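Colleague: After the structure tokens below, expect a handful of questions from me.
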Amino acid sequence: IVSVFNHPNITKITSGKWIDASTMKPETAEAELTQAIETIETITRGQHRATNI
Amino acid sequence: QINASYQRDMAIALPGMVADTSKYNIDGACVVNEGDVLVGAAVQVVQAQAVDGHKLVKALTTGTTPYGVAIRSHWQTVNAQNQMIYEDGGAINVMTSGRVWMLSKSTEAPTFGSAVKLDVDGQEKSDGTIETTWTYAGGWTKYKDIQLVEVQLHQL
Amino acid sequence: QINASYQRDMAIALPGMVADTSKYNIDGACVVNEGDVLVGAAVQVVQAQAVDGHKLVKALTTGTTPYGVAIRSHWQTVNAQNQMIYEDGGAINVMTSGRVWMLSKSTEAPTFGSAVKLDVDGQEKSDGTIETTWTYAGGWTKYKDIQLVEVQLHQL
Amino acid sequence: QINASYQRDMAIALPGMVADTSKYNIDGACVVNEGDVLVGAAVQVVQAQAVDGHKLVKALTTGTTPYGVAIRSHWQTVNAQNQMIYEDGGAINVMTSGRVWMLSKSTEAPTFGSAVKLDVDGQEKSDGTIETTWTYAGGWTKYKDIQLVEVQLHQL
Amino acid sequence: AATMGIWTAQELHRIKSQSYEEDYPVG
């Protein structure tokens, strides 16, 4: 039984840390979320769209 | 907040596929013996019956002479190991003339009109030992992890 | 003419069949790991999980100690090579004590109360290599060509 | 705002707990002498009455042979030092065969099928001075900094 | 011989009533 985190055909994105040494990076968080949404829109060529985070 | 549109391209080849509608010829009065045949590989003739008229074919082996290429058929083939094959003791469709897509083990584009050389398991290879008279038709495509080539065949 | 009537006798047992209703015990929290297990052959435990509680079992090999014998179950088993087996990555019933019919390779009747010797593939055979602590229960029959023997298994 | 949900896991077992419902045996005609016995520790038999039929047991000591393990009941025990114990002069539930959770003093996970050695006070230790006929069962957990192990008990 | 069970592997099986088709946008 394979977990959702261990499937070998789901998109994976290595990310810089949103919190480092007790400070926040909302700019990086926003950029990475937008990149993930654009990726989900792009890979399926407009057939599917993200709904939940 | 703007719309978008995307573009995707269909693949153009498959193993054992008939390339086009030029002058072709299909031998369907054969039977496979001693094993199974992969769709898109050369075959050899063991013996031909004198009275009944059926030919006996098998996969290409060392030192033999190829006779044709197995072709796709949604009805006569069996689905096994995630591919179309011809099981033993069943009718088979050999193709003896025309343009066909064949599996390849090469890595570079071939020269149009050159001689086709096959490897010891009935798959095209740039440096094979088994020699034929068939030619390359120019096409050179790649499906998902599969390398295919256009080969033109004439009657033995 | 005069009428006639006939008489036939059923077979006694089948491989992997519980011999009788004596004090037995089964284990159903076992999982087959890396391979398949024949019904009626001994199994070995490779690892027991610390917190989850499952037990990983496989076919017996040389240099190992047997743990139990698989049994028949019409629901949890699969048909392969005209026999009944437990496929990889699934639950399995392992009888850890009691009387059971299992496959044999010997040629003569065994002695009641004697120790059981097993072969490297997990089937009972005289003068075998692997030594166990089970006994023979006094049963010797053949079913349409398969050799069966009755074994008394004690908990390890 | 963002709504949230949380997840937490229960513990696995408690000392003196019966692990599985697999062919167990409990002796109830037992009495306690000379002190108290903690739930989850081995006990020794000092005398079996000839005619009355009660078995006199106490805490395990040096140079003796264990007989069974006390089990957990919500009615027969008393609450002392924030734990459940069997007071002197009262009936005790002692398991002689089965699978039980025992208190442990070791630090390394045991190997399935190996023999279990006890300390002089009845708690399991990896390197002990008392040799038994019981076996490990593979369970290994910890409940609020209390080490528990899973032991298979055979009848003496 | 042949020692198998009562029910074949096809009697205990489900087929989903929906198919999945790839999308190739025209342009």
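Chain labels follow the order of the structure tokens: the first chain is A, the next B, and so on; residue numbering restarts at 1 in every chain, and ligands are counted from 1 in their shown order.
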Pull the closest atom pair for each residue of chain B that gets at most 8 Å from chain A, along with the distance in Å to one decimal, counting only C-alpha atoms, ordering rows by chain and then ascending residue number, as JSON lines.

Modeller:
{"residue": "B:4", "atom": "CA", "partner": "A:46", "partner_atom": "CA", "distance": 7.9}
{"residue": "B:5", "atom": "CA", "partner": "A:46", "partner_atom": "CA", "distance": 7.0}
{"residue": "B:6", "atom": "CA", "partner": "A:45", "partner_atom": "CA", "distance": 5.5}
{"residue": "B:7", "atom": "CA", "partner": "A:45", "partner_atom": "CA", "distance": 7.2}
{"residue": "B:8", "atom": "CA", "partner": "A:45", "partner_atom": "CA", "distance": 7.7}

Colleague: Give me the residues of chain D that have any atom at most 7 Å from an atom of chain C; for each, the nearest atom pair and the distance in Å, rounded to one decimal. Use only C-alpha atoms, sort by chain and number, and format it as CSV.

Modeller:
residue,atom,partner,partner_atom,distance
D:23,CA,C:25,CA,7.0
D:112,CA,C:48,CA,6.9
D:138,CA,C:48,CA,5.5
D:139,CA,C:50,CA,4.9
D:140,CA,C:50,CA,5.0
D:141,CA,C:51,CA,6.2

Colleague: Any chance you could export the current selection's N, CA, C and O atoms as a PDB file, in the first residue's frame?

Modeller:
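This is the output file selection.pdb:
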ATOM      1  N   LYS D  23      -5.142 -19.223  22.175  1.00  0.00           N
ATOM      2  CA  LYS D  23      -4.861 -20.485  22.862  1.00  0.00           C
ATOM      3  C   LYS D  23      -4.087 -20.241  24.164  1.00  0.00           C
ATOM      4  O   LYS D  23      -2.926 -20.617  24.323  1.00  0.00           O
ATOM      5  N   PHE D 112      13.254 -12.358  17.199  1.00  0.00           N
ATOM      6  CA  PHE D 112      12.119 -13.271  17.189  1.00  0.00           C
ATOM      7  C   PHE D 112      12.588 -14.718  17.276  1.00  0.00           C
ATOM      8  O   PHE D 112      13.515 -15.127  16.572  1.00  0.00           O
ATOM      9  N   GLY D 138       8.172 -10.741  19.356  1.00  0.00           N
ATOM     10  CA  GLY D 138       8.449  -9.683  18.414  1.00  0.00           C
ATOM     11  C   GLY D 138       7.882  -8.327  18.781  1.00  0.00           C
ATOM     12  O   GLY D 138       8.324  -7.319  18.220  1.00  0.00           O
ATOM     13  N   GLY D 139       6.921  -8.269  19.699  1.00  0.00           N
ATOM     14  CA  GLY D 139       6.381  -6.987  20.118  1.00  0.00           C
ATOM     15  C   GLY D 139       7.395  -6.208  20.941  1.00  0.00           C
ATOM     16  O   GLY D 139       8.119  -6.764  21.764  1.00  0.00           O
ATOM     17  N   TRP D 140       7.439  -4.898  20.705  1.00  0.00           N
ATOM     18  CA  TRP D 140       8.402  -4.043  21.395  1.00  0.00           C
ATOM     19  C   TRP D 140       7.890  -2.612  21.319  1.00  0.00           C
ATOM     20  O   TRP D 140       7.842  -2.035  20.230  1.00  0.00           O
ATOM     21  N   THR D 141       7.508  -2.048  22.461  1.00  0.00           N
ATOM     22  CA  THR D 141       6.935  -0.710  22.502  1.00  0.00           C
ATOM     23  C   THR D 141       7.312  -0.058  23.828  1.00  0.00           C
ATOM     24  O   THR D 141       8.100  -0.603  24.605  1.00  0.00           O
TER      25      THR D 141
END

Colleague: Quick one: residues within 6 Å of region 38-44 of chain D, only C-alpha atoms, excluding same-chain residues fewer than 4 positions away - as a count of residues only?

Modeller: 17

Colleague: When the cut-off is 6 Å and we count only C-alpha atoms, which residues of chain E are near chain B, given as a PyMOL selection string?

Modeller: chain E and resi 24-25+27

Colleague: So that I have them on file, write out the residues from the current selection with N, CA, C and O atoms, as a CSV table (one decimal), in the first residue's frame.

Modeller:
chain,number,residue,atom,x,y,z
E,24,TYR,N,-5.9,15.8,-26.4
E,24,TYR,CA,-5.0,16.4,-27.3
E,24,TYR,C,-5.6,17.7,-27.8
E,24,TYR,O,-6.4,17.6,-28.7
E,25,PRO,N,-5.2,18.8,-27.3
E,25,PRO,CA,-5.8,20.1,-27.7
E,25,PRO,C,-5.5,20.4,-29.2
E,25,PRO,O,-4.4,20.1,-29.6
E,27,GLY,N,-5.6,23.5,-30.8
E,27,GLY,CA,-4.9,24.7,-31.0
E,27,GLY,C,-5.8,25.9,-30.9
E,27,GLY,O,-6.9,25.8,-30.5

Colleague: Can you check which residues of region 5-154 of chain C DSSP gives as strand (DSSP E) on the backbone and send them as a PyMOL selection string?

Modeller: chain C and resi 25-32+37-38+42-48+55-59+68-70+78-80+83-86+91-103+115-118+130-143+146-153

Colleague: If DSSP is run on the backbone, what residues of chain A are alpha helix (DSSP H)? A reply as a PDB file with C-alpha atoms, in the first residue's frame would be ideal.

Modeller:
ATOM      1  CA  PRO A  26       5.839  35.382   2.495  1.00  0.00           C
ATOM      2  CA  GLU A  27       7.314  36.337  -0.884  1.00  0.00           C
ATOM      3  CA  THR A  28       8.861  32.883  -1.297  1.00  0.00           C
ATOM      4  CA  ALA A  29       5.656  31.247  -0.047  1.00  0.00           C
ATOM      5  CA  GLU A  30       3.575  33.184  -2.585  1.00  0.00           C
ATOM      6  CA  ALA A  31       5.961  32.421  -5.443  1.00  0.00           C
ATOM      7  CA  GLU A  32       6.025  28.695  -4.684  1.00  0.00           C
ATOM      8  CA  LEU A  33       2.237  28.449  -4.372  1.00  0.00           C
ATOM      9  CA  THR A  34       1.784  30.281  -7.683  1.00  0.00           C
ATOM     10  CA  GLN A  35       4.384  28.025  -9.310  1.00  0.00           C
ATOM     11  CA  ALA A  36       2.558  24.912  -8.089  1.00  0.00           C
ATOM     12  CA  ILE A  37      -0.784  26.176  -9.414  1.00  0.00           C
ATOM     13  CA  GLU A  38       0.776  27.044 -12.774  1.00  0.00           C
ATOM     14  CA  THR A  39       2.372  23.588 -12.896  1.00  0.00           C
ATOM     15  CA  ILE A  40      -0.937  21.822 -12.278  1.00  0.00           C
ATOM     16  CA  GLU A  41      -2.593  23.982 -14.943  1.00  0.00           C
ATOM     17  CA  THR A  42       0.231  23.328 -17.410  1.00  0.00           C
ATOM     18  CA  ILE A  43       0.966  19.601 -17.110  1.00  0.00           C
TER      19      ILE A  43
END

Colleague: Which is closer to residue 117 (chain C) than all the others in C:29, C:151, C:18, C:56, using only C-alpha atoms?

Modeller: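 Among the listed residues, C:151 lies closest to residue 117 (chain C).
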
Colleague: Which residues are close to residue 131 (chain C), i.e. within 10 Å by only C-alpha atoms, leaving aside same-chain residues fewer than 3 positions away? Reply as JSON, numbers by chain.

Modeller: {"C": [64, 65, 66, 115, 116, 117, 118, 119, 127, 128, 134]}

Colleague: Using only C-alpha atoms, which of C:121, C:94, C:14, C:130 sits nearest residue 144 (chain C)?

Modeller: C:14

Colleague: Let me make sure I understand: among E:12, E:1, E:6, E:26, which one has the smallest atom-to-atom distance to chain A if we use only C-alpha atoms?

Modeller: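 Ranking E:12, E:1, E:6, E:26 by distance to chain A, first place goes to E:26.
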